[PDB]
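Just one chain follows, in the form deposited in one PDB entry, and it is written as structure tokens.
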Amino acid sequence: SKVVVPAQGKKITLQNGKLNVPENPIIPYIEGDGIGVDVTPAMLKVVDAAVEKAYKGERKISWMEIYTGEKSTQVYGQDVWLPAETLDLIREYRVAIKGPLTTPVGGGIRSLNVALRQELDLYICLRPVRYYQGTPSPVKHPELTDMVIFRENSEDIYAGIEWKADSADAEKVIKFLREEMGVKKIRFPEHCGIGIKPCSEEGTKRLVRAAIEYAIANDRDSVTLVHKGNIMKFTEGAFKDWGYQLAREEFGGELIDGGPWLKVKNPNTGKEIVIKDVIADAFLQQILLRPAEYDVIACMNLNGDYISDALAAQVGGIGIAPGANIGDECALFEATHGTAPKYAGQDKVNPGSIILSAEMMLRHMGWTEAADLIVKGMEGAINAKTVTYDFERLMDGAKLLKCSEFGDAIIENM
């Protein structure tokens, strides 16, 4: 209604499980609040340059701006933080990309990022972390990290089912838990907030199936289920058992020695994919001490949030970490950092996260060549030490570039 759909351009189509991408697809993008005003222009420019270079003018993206966050209230009115048509348009055009979003406080509004994922049922949050040679890192061997995270997006504590301490609601569930359920283990029932953590079988098997399928398609070495099941047995422990069960029932997993680890034979390359599990808190140690042991990771919503952030700091990537939210009917690629309002408009932050989520975008569309051109550009600009302030502070011998100029440095290195 306030979005202008491009005169030229065609919708991507879902022809049962498969995308049918035209040569001039329309892609919805949400600019983002804060530094989204700096990073999104940079990404629109390097994606245009890479599809221009790969396909010699034969292909072109017709970018269509849609609204969420603070910019949505300036277009549609002070109270509409998430217009209903953003959800219809992402559904409709199948793939979109977004910058960082501001969720406000004071207004009872929950995370607009979790709202998009739940509302569109984008149950996979895919976070790949690899090291780009030459980025400053706090660890001695960042090059040993190349993992791909499959974090469940629709359930867990992250779903937002919770009640305030002293509310009538919380009082009512606490009464139901103590009286009807007989729980004796709430230490202080008065002035007590209560949160609900759900974990279902369909919820964990649709995520784990995607993780093993990803490992077969890209012949990765292993899928590691990480969970805190020795303490949360019926949610996190259920997730590890349902995960193992799916690798046995649908991928023909077999015990290695006397378990619990399984072997899945990659029907394409013939190699064995170890399916294993590790408790989440020892895993937060293993990624620092033994990162080469791990590769595809499957976990619940909260743990995946912690694992992705911890990994991304290790490979010097807090500002170049890409991410995607994939459901069955559409996909939403995104800058994984926040809006950083201090720097907003100054053209200085790293455009690296949203540029690398755009290469994940291009790859999902089957435009593999344009996507390989962006990572070639990325590795060249970083290797050239022609870098943005966050990388330059930690480097010696680096040239400092603005956000838009690092965009150009990626195109020069293509």
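Sequential numbering from 1, following the sequence displayed.
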**Request:** May I ask you to compare 361-369 and 383-391 by their mean CA B factor in the entry and name the higher one?
**Result:** 383-391
**Prompt:** Averaged over C-alpha atoms, is the B-factor higher for 271-279 or for 146-154 in this PDB entry?
**Reply:** 271-279
**Asked** Per the PDB entry, which option out of 258, 195, 136, 83 has the greatest Cα B factor?
**Response** 258
**Message:** Sorting 222, 74, 286, 325 by Cα temperature factor from the record, which one lands on top?
**Reply:** 74
**Request:** For residue 309, return the chain-relative third of its C-alpha B-factor as stated in the PDB record: lowest, middle or highest.
**Result:** lowest
**Message:** Please place residue 7 in the lowest, middle or highest third of its chain according to the CA B-factor in the PDB entry.
**Reply:** highest
**Prompt:** Going by the entry, which third of its chain does the Cα temperature factor of residue 164 land in?
**Reply:** highest
**Message:** Please place residue 127 in the lowest, middle or highest third of its chain according to the CA B-factor in the PDB entry.
**Reply:** lowest
**Prompt:** In terms of the chain's CA B-factor thirds, is residue 226 lowest, middle or highest?
**Reply:** lowest
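Only in words, not in the display: the form deposited in another entry, which the text now covers.
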**Request:** Choose from 320, 334, 69, 38 the one placed at the hinge of the motion between this form and the one not shown, with one rigid part turning against the other.
**Result:** 320
**Message:** Distance change of 3 Å or more between the C-alpha atoms of residue 370 and residue 218 in that other deposited form: closer or farther compared with this structure?
**Reply:** closer
**Asked** Between residue 218 and residue 364, do the C-alpha atoms lie closer or farther in that other deposited form than in the shown form, with a difference of 3 angstroms or more?
**Response** closer
